[PDB]
Amino acid sequence: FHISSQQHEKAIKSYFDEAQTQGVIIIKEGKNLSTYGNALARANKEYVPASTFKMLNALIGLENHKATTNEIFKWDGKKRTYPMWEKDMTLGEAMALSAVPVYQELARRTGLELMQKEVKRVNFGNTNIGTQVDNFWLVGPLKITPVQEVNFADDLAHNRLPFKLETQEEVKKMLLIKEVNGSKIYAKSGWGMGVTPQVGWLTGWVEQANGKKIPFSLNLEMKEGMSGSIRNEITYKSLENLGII
Ligand SMILES: *C(=O)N1C[C@H](NOS(=O)(=O)O)C=C(C)[C@H]1C(N)=O
C-alpha cells in the first residue's frame, strides 16, 4: 500500500524481462483495467486463444447437451502427443490436463453450425471460426485480444455470460489451479504452437478470502525451449507483487 506505482510497474516488467520474452498481464479491479509487463502494446492486439478456448468450448457443449460433467470421454487407443492424454477422462480432467483431443471431440459433437452461432452469440474475440470445427481456436481464424480475454474472465467469474448459472458454475469448478493463503486462482493456460510467433496465455481470476474476484489475463510470446510453467510463475509473482494474493 506504501509501495509506489512506479515500483510495481518496474517489478512486473522485470518478471517478463527475466524470462527473456515480451508480454503483458492485464488486471481488472471492478471496472478498471490495468496493463502491466514489458510490452504494453500487446494489450489490444489479436492472438489465437489456443487452449483458453476450452473454457468456452466447455460452456457451449454443456449448455447444448453435448456432454455432461460425469461423462467419460474414452481414449481411442491412438498415440497422443503426451502420455498423460492416453486415457479416458471427463471434461474436467481434460481441462486440467489440457487434453485437446477431448475438446476436439466435444467441438465435433457441437458441430460447425452450432459452434459458429454460439461463438457469435457470446461475442468471443473476432467471433470468426471459419469452416474447420476442430482447430479454429488453435490456428485461426478465431482471434482475441488480451483485453477481451480478461473481460471474458470477468464475465465468467461473475456469471454474466449468456449461459445458465449452472453451466457457468460447472465450468468454473474445472478451473481451480491453485490456492495461496485464503485466495483461490481459477485460470486456463493457452499455448499457440501452430502459429508464428507462438502465443502464451494464462487467463482467469483470483477469488480472495472476502469473496472479491480479480480477473487477469497474461499474454506473452513463447520462445523455443521455454517451459509452459513460466506463464504461471510470472502470473503468481505479479499477483503477489500487487498484493492480490
Ligand atoms: C493448448 O493451447 N494446447 C494444448 C496443450 N496444453 O496447452 S497449455 O500449455 O496452454 O495448457 C498443449 C499445446 C501446446 C496447445 C496446443 N496448441 O495444442
# chains A, B, ... in the order shown; residues from 1 in each chain; ligands from 1
call {"tool": "residues_around", "arguments": {"residues": "stretch 177-190 of chain A", "least_positions_apart": "6", "cutoff": "10 Å", "atoms": "only C-alpha atoms", "output": "JSON, numbers by chain"}}
result
{"A": [48, 49, 50, 51, 52, 53, 54, 55, 95, 96, 98, 138, 153, 157, 199, 200, 201, 202, 203, 204, 205, 206, 207, 208, 209, 210, 211, 212, 213, 214, 215, 216, 217, 218, 219, 228, 229, 231, 232, 236, 240, 244, 245]}
call {"tool": "residues_around", "arguments": {"residues": "residue A:1", "least_positions_apart": "4", "cutoff": "12 Å", "atoms": "only C-alpha atoms", "output": "ChimeraX atom specification"}}
result
/A:5,7-8,241-244
call {"tool": "write_last_selection", "arguments": {"atoms": "N, CA, C and O atoms", "output": "compact mmCIF listing (two decimals), in the first residue's frame"}}
result
# COMPACT_ATOMS: atom_id res chain seq x y z
N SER A 5 3.46 3.00 -7.41
CA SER A 5 3.04 2.51 -8.69
C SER A 5 4.28 2.28 -9.57
O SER A 5 4.40 1.25 -10.23
N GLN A 7 7.22 1.42 -8.67
CA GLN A 7 7.89 0.22 -8.24
C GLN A 7 7.13 -1.06 -8.69
O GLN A 7 7.76 -2.01 -9.14
N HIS A 8 5.81 -1.09 -8.58
CA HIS A 8 5.00 -2.22 -9.05
C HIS A 8 5.23 -2.46 -10.55
O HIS A 8 5.47 -3.59 -10.99
N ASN A 241 3.04 -9.44 -6.07
CA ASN A 241 3.61 -8.10 -6.03
C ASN A 241 2.55 -7.02 -5.85
O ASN A 241 2.79 -6.05 -5.15
N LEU A 242 1.39 -7.19 -6.48
CA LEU A 242 0.30 -6.23 -6.35
C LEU A 242 -0.55 -6.45 -5.10
O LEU A 242 -1.52 -5.76 -4.90
N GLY A 243 -0.20 -7.42 -4.26
CA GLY A 243 -0.99 -7.74 -3.08
C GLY A 243 -2.34 -8.40 -3.35
O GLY A 243 -3.17 -8.42 -2.45
N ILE A 244 -2.54 -8.95 -4.54
CA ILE A 244 -3.80 -9.59 -4.89
C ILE A 244 -3.87 -10.99 -4.27
O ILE A 244 -4.95 -11.47 -3.95
call {"tool": "closest_residue", "arguments": {"among": "A:137, A:82, A:103, A:73", "to": "residue A:47", "atoms": "only C-alpha atoms"}}
result
A:137
call {"tool": "residues_around", "arguments": {"residues": "residue A:94", "least_positions_apart": "5", "cutoff": "10 Å", "atoms": "only C-alpha atoms", "output": "JSON, numbers by chain"}}
result
{"A": [54, 73, 84, 85, 87, 88, 89, 99, 100, 101, 102, 103, 174]}
call {"tool": "closest_atom_pairs", "arguments": {"of": "stretch 23-137 of chain A", "to": "stretch 162-166 of chain A", "cutoff": "8 Å", "atoms": "only C-alpha atoms", "output": "Markdown table"}}
result
| residue | atom | partner | partner_atom | distance |
| --- | --- | --- | --- | --- |
| A:59 | CA | A:163 | CA | 7.3 |
| A:63 | CA | A:163 | CA | 6.7 |
| A:122 | CA | A:162 | CA | 6.8 |
call {"tool": "atom_distance", "arguments": {"atom1": "atom CA of residue A:227", "atom2": "atom CA of residue A:105"}}
result
27.2 Å
call {"tool": "closest_residue", "arguments": {"among": "A:148, A:135, A:167, A:35", "to": "ligand 1", "atoms": "only C-alpha atoms and all ligand atoms"}}
result
A:135
call {"tool": "select_by_dssp", "arguments": {"residues": "stretch 82-241 of chain A", "states": "helix (DSSP H, G or I)", "output": "PyMOL selection string"}}
result
chain A and resi 83-85+91-97+100-110+112-122+146-157+165-173+229-241
call {"tool": "residues_around", "arguments": {"residues": "stretch 9-19 of chain A", "least_positions_apart": "6", "cutoff": "10 Å", "atoms": "only C-alpha atoms", "output": "list in words"}}
result
residues 25, 35, 36, 37, 38, 39, 40, 220, 221, 222, 223, 226, 227, 230, 231, 233, 234, 235, 237, 238, 239, 241 and 242 of chain A
call {"tool": "write_last_selection", "arguments": {"atoms": "C-alpha atoms", "output": "PDB file, in the first residue's frame"}}
result
ATOM      1  CA  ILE A  25      -0.620  -9.011 -17.728  1.00  0.00           C
ATOM      2  CA  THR A  35      -1.967  -3.204 -18.048  1.00  0.00           C
ATOM      3  CA  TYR A  36       1.450  -4.315 -16.686  1.00  0.00           C
ATOM      4  CA  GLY A  37       4.512  -6.057 -18.192  1.00  0.00           C
ATOM      5  CA  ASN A  38       7.269  -5.247 -20.685  1.00  0.00           C
ATOM      6  CA  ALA A  39       5.292  -4.948 -23.889  1.00  0.00           C
ATOM      7  CA  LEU A  40       2.205  -2.918 -23.084  1.00  0.00           C
ATOM      8  CA  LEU A 220       3.332 -13.352 -23.879  1.00  0.00           C
ATOM      9  CA  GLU A 221       5.499 -14.785 -26.654  1.00  0.00           C
ATOM     10  CA  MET A 222       6.512 -18.434 -26.053  1.00  0.00           C
ATOM     11  CA  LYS A 223      10.088 -18.990 -27.328  1.00  0.00           C
ATOM     12  CA  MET A 226      10.641 -22.121 -22.854  1.00  0.00           C
ATOM     13  CA  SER A 227       8.766 -24.041 -20.159  1.00  0.00           C
ATOM     14  CA  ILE A 230       6.815 -19.593 -16.863  1.00  0.00           C
ATOM     15  CA  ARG A 231       3.244 -18.367 -17.617  1.00  0.00           C
ATOM     16  CA  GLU A 233       5.324 -18.173 -12.437  1.00  0.00           C
ATOM     17  CA  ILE A 234       5.097 -14.665 -13.929  1.00  0.00           C
ATOM     18  CA  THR A 235       1.394 -14.575 -13.109  1.00  0.00           C
ATOM     19  CA  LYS A 237       4.720 -13.169  -8.930  1.00  0.00           C
ATOM     20  CA  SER A 238       2.715 -10.320 -10.497  1.00  0.00           C
ATOM     21  CA  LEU A 239      -0.398 -11.015  -8.421  1.00  0.00           C
ATOM     22  CA  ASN A 241       3.614  -8.104  -6.028  1.00  0.00           C
ATOM     23  CA  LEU A 242       0.297  -6.232  -6.351  1.00  0.00           C
TER      24      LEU A 242
END
call {"tool": "residues_around", "arguments": {"residues": "residue A:108", "least_positions_apart": "5", "cutoff": "10 Å", "atoms": "only C-alpha atoms", "output": "list in words"}}
result
residues 61, 66, 102, 103, 115, 132, 133 and 134 of chain A
call {"tool": "closest_residue", "arguments": {"among": "A:80, A:42, A:109, A:2", "to": "ligand 1", "atoms": "only C-alpha atoms and all ligand atoms"}}
result
A:80
call {"tool": "closest_residue", "arguments": {"among": "A:20, A:196, A:4, A:128", "to": "ligand 1", "atoms": "only C-alpha atoms and all ligand atoms"}}
result
A:196
call {"tool": "atom_distance", "arguments": {"atom1": "atom CA of residue A:62", "atom2": "atom CA of residue A:171"}}
result
8.7 Å
call {"tool": "closest_residue", "arguments": {"among": "A:56, A:158, A:68, A:74", "to": "residue A:121", "atoms": "only C-alpha atoms"}}
result
A:56
call {"tool": "closest_residue", "arguments": {"among": "A:75, A:126, A:155, A:139", "to": "ligand 1", "atoms": "only C-alpha atoms and all ligand atoms"}}
result
A:139
call {"tool": "select_by_dssp", "arguments": {"residues": "stretch 11-196 of chain A", "states": "strand (DSSP E or B)", "output": "PyMOL selection string"}}
result
chain A and resi 23-29+32-37+47+73+89+144+176-180+183-192
call {"tool": "write_last_selection", "arguments": {"atoms": "N, CA and C atoms", "output": "tab-separated table (two decimals), in the first residue's frame"}}
result
chain	number	residue	atom	x	y	z
A	23	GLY	N	5.69	-9.56	-23.08
A	23	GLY	CA	4.34	-9.86	-22.67
A	23	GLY	C	3.69	-8.78	-21.82
A	24	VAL	N	2.42	-9.04	-21.51
A	24	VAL	CA	1.60	-8.24	-20.62
A	24	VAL	C	0.82	-9.11	-19.66
A	25	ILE	N	0.44	-8.49	-18.56
A	25	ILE	CA	-0.62	-9.01	-17.73
A	25	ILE	C	-1.59	-7.87	-17.46
A	26	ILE	N	-2.85	-8.13	-17.80
A	26	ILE	CA	-3.92	-7.20	-17.58
A	26	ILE	C	-4.71	-7.65	-16.38
A	27	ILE	N	-4.95	-6.72	-15.46
A	27	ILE	CA	-5.63	-6.98	-14.22
A	27	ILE	C	-6.88	-6.10	-14.18
A	28	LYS	N	-7.99	-6.69	-13.75
A	28	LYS	CA	-9.25	-5.94	-13.68
A	28	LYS	C	-9.74	-5.86	-12.26
A	29	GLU	N	-9.97	-4.63	-11.77
A	29	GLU	CA	-10.46	-4.41	-10.42
A	29	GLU	C	-11.78	-3.67	-10.56
A	32	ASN	N	-12.07	-1.26	-13.58
A	32	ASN	CA	-10.81	-0.64	-14.05
A	32	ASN	C	-9.80	-1.68	-14.57
A	33	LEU	N	-9.34	-1.52	-15.81
A	33	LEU	CA	-8.32	-2.40	-16.40
A	33	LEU	C	-6.94	-1.81	-16.24
A	34	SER	N	-6.01	-2.54	-15.64
A	34	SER	CA	-4.61	-2.13	-15.51
A	34	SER	C	-3.69	-3.06	-16.30
A	35	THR	N	-2.90	-2.48	-17.21
A	35	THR	CA	-1.97	-3.20	-18.05
A	35	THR	C	-0.53	-3.10	-17.51
A	36	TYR	N	0.07	-4.23	-17.15
A	36	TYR	CA	1.45	-4.31	-16.69
A	36	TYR	C	2.27	-5.20	-17.62
A	37	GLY	N	3.59	-5.19	-17.42
A	37	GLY	CA	4.51	-6.06	-18.19
A	37	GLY	C	5.58	-5.26	-18.90
A	47	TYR	N	-4.64	-12.36	-30.91
A	47	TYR	CA	-3.88	-13.62	-30.97
A	47	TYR	C	-4.86	-14.78	-30.96
A	73	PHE	N	-14.96	-39.53	-21.58
A	73	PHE	CA	-14.54	-39.49	-22.97
A	73	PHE	C	-13.43	-40.53	-23.09
A	89	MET	N	-11.18	-39.78	-19.86
A	89	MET	CA	-11.32	-38.68	-18.93
A	89	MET	C	-12.59	-37.89	-19.10
A	144	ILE	N	-8.43	-13.17	-30.49
A	144	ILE	CA	-8.91	-12.42	-29.35
A	144	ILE	C	-7.77	-11.61	-28.75
A	176	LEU	N	-10.08	-24.47	-11.08
A	176	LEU	CA	-9.25	-24.26	-9.92
A	176	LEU	C	-7.85	-24.83	-10.09
A	177	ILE	N	-6.84	-23.96	-10.17
A	177	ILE	CA	-5.44	-24.41	-10.34
A	177	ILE	C	-4.54	-24.19	-9.14
A	178	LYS	N	-4.93	-23.37	-8.17
A	178	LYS	CA	-4.00	-23.02	-7.10
A	178	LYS	C	-4.77	-22.39	-5.94
A	179	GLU	N	-4.33	-22.67	-4.71
A	179	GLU	CA	-4.79	-21.96	-3.51
A	179	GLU	C	-3.60	-21.42	-2.77
A	180	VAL	N	-3.60	-20.12	-2.48
A	180	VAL	CA	-2.46	-19.45	-1.84
A	180	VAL	C	-3.03	-18.50	-0.80
A	183	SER	N	-6.72	-17.30	-0.84
A	183	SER	CA	-7.08	-16.99	-2.21
A	183	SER	C	-7.04	-18.24	-3.06
A	184	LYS	N	-8.01	-18.33	-3.96
A	184	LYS	CA	-8.09	-19.38	-4.97
A	184	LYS	C	-7.87	-18.76	-6.34
A	185	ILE	N	-7.08	-19.41	-7.17
A	185	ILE	CA	-6.84	-18.99	-8.53
A	185	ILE	C	-7.50	-19.97	-9.48
A	186	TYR	N	-8.43	-19.45	-10.26
A	186	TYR	CA	-9.13	-20.14	-11.33
A	186	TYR	C	-8.56	-19.61	-12.62
A	187	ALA	N	-8.06	-20.47	-13.49
A	187	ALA	CA	-7.48	-20.00	-14.76
A	187	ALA	C	-7.32	-21.11	-15.78
A	188	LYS	N	-7.21	-20.71	-17.03
A	188	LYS	CA	-6.83	-21.62	-18.07
A	188	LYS	C	-5.63	-21.10	-18.87
A	189	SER	N	-4.64	-21.98	-19.09
A	189	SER	CA	-3.49	-21.64	-19.90
A	189	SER	C	-3.76	-21.88	-21.38
A	190	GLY	N	-2.90	-21.32	-22.21
A	190	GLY	CA	-3.05	-21.45	-23.65
A	190	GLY	C	-1.68	-21.30	-24.27
A	191	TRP	N	-1.42	-22.07	-25.32
A	191	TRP	CA	-0.11	-22.04	-25.99
A	191	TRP	C	-0.34	-22.28	-27.46
A	192	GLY	N	-0.28	-21.21	-28.25
A	192	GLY	CA	-0.46	-21.31	-29.68
A	192	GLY	C	0.82	-21.77	-30.37
call {"tool": "decode", "arguments": {"residues": "stretch 68-88 of chain A", "atoms": "N, CA, C and O atoms", "output": "CSV table (one decimal), in the first residue's frame"}}
result
chain,number,residue,atom,x,y,z
A,68,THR,N,-22.0,-34.3,-20.5
A,68,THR,CA,-22.3,-34.0,-19.1
A,68,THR,C,-21.0,-33.9,-18.4
A,68,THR,O,-19.9,-34.3,-18.9
A,69,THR,N,-21.0,-33.5,-17.1
A,69,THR,CA,-19.7,-33.3,-16.4
A,69,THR,C,-19.2,-34.7,-15.8
A,69,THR,O,-18.0,-34.7,-15.4
A,70,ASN,N,-20.0,-35.7,-15.8
A,70,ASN,CA,-19.6,-37.0,-15.3
A,70,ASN,C,-19.2,-38.0,-16.4
A,70,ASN,O,-18.7,-39.0,-16.2
A,71,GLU,N,-19.6,-37.6,-17.6
A,71,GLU,CA,-19.3,-38.5,-18.8
A,71,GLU,C,-17.8,-38.7,-19.0
A,71,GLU,O,-17.0,-37.8,-18.9
A,72,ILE,N,-17.5,-40.0,-19.4
A,72,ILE,CA,-16.1,-40.4,-19.6
A,72,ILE,C,-15.9,-40.4,-21.1
A,72,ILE,O,-16.5,-41.2,-21.8
A,73,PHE,N,-15.0,-39.5,-21.6
A,73,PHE,CA,-14.5,-39.5,-23.0
A,73,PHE,C,-13.4,-40.5,-23.1
A,73,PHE,O,-12.4,-40.4,-22.5
A,74,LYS,N,-13.7,-41.6,-23.8
A,74,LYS,CA,-12.8,-42.7,-23.9
A,74,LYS,C,-11.6,-42.4,-24.8
A,74,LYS,O,-11.8,-41.8,-25.9
A,75,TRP,N,-10.4,-42.8,-24.4
A,75,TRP,CA,-9.2,-42.7,-25.3
A,75,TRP,C,-9.4,-43.8,-26.4
A,75,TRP,O,-9.7,-44.9,-26.1
A,76,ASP,N,-9.2,-43.4,-27.7
A,76,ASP,CA,-9.4,-44.2,-28.8
A,76,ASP,C,-8.2,-45.3,-29.1
A,76,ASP,O,-8.2,-46.1,-30.0
A,77,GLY,N,-7.2,-45.2,-28.2
A,77,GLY,CA,-6.1,-46.1,-28.3
A,77,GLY,C,-5.0,-45.7,-29.2
A,77,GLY,O,-4.0,-46.4,-29.4
A,78,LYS,N,-5.1,-44.5,-29.8
A,78,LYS,CA,-4.1,-43.9,-30.7
A,78,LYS,C,-3.1,-43.1,-29.9
A,78,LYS,O,-3.4,-42.6,-28.8
A,79,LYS,N,-1.9,-43.0,-30.5
A,79,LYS,CA,-0.8,-42.3,-29.8
A,79,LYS,C,-1.1,-40.9,-29.7
A,79,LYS,O,-1.6,-40.3,-30.6
A,80,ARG,N,-0.8,-40.3,-28.6
A,80,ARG,CA,-1.0,-38.8,-28.4
A,80,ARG,C,0.3,-38.2,-28.1
A,80,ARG,O,1.3,-38.8,-27.8
A,81,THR,N,0.3,-36.8,-28.3
A,81,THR,CA,1.4,-36.0,-28.0
A,81,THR,C,2.0,-36.2,-26.6
A,81,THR,O,3.2,-36.3,-26.5
A,82,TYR,N,1.2,-36.4,-25.6
A,82,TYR,CA,1.6,-36.6,-24.2
A,82,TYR,C,1.0,-37.9,-23.7
A,82,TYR,O,-0.2,-38.1,-23.9
A,83,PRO,N,1.8,-38.7,-23.0
A,83,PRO,CA,1.3,-40.0,-22.5
A,83,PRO,C,0.1,-39.8,-21.5
A,83,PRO,O,-0.8,-40.6,-21.5
A,84,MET,N,0.1,-38.7,-20.8
A,84,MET,CA,-0.9,-38.2,-19.9
A,84,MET,C,-2.3,-38.2,-20.5
A,84,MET,O,-3.3,-38.3,-19.9
A,85,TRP,N,-2.3,-38.0,-21.8
A,85,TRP,CA,-3.6,-37.9,-22.6
A,85,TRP,C,-4.1,-39.3,-23.1
A,85,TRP,O,-5.2,-39.3,-23.6
A,86,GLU,N,-3.3,-40.3,-22.9
A,86,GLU,CA,-3.7,-41.7,-23.4
A,86,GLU,C,-4.5,-42.4,-22.3
A,86,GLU,O,-4.2,-43.5,-21.9
A,87,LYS,N,-5.6,-41.8,-22.0
A,87,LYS,CA,-6.5,-42.3,-21.0
A,87,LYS,C,-7.9,-41.7,-21.2
A,87,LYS,O,-8.1,-40.8,-21.9
A,88,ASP,N,-8.9,-42.3,-20.5
A,88,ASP,CA,-10.3,-41.9,-20.5
A,88,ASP,C,-10.4,-40.8,-19.5
A,88,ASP,O,-9.9,-40.9,-18.4
